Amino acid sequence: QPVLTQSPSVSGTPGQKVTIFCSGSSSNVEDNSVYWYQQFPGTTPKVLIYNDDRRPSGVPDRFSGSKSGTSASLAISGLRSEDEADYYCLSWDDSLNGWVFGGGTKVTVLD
């Protein structure tokens, strides 16, 4: 099982602001840099957020990240159809001494 907890699936319509969550513990999320990535089926992930809240140049400005204690979050401010994908969080874990991951949150853009 993934050591970090993400809700498996979220829906929304274009334009809606949706935030997804990544819950960990004192020995991971709380403690350590959190990274988020976006994965479409069959292709290489795109890093959306590194070091908790930093957005690479080239990632659309509607994506932002932050960390509140044992919980990290990724906000998508104005969902687009092209945002339908699987979103993962990860960080180092002090107690397992290696990388830990959420199980991914699949975002569906409806209408």
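When you see a residue number, it is the position in the sequence shown, counting from 1.
Comparing 13-21 with 84-92, the stretch with the higher mean C-alpha B-factor in the PDB entry is 13-21. As the entry records it, the average C-alpha temperature factor is higher for 75-83, out of 75-83 and 30-38.
Among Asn51, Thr44, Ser66, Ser57, the highest C-alpha B-factor in the deposited entry belongs to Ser57.
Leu110: CA B factor in the highest third of modelled residues in this chain (values from the PDB entry).
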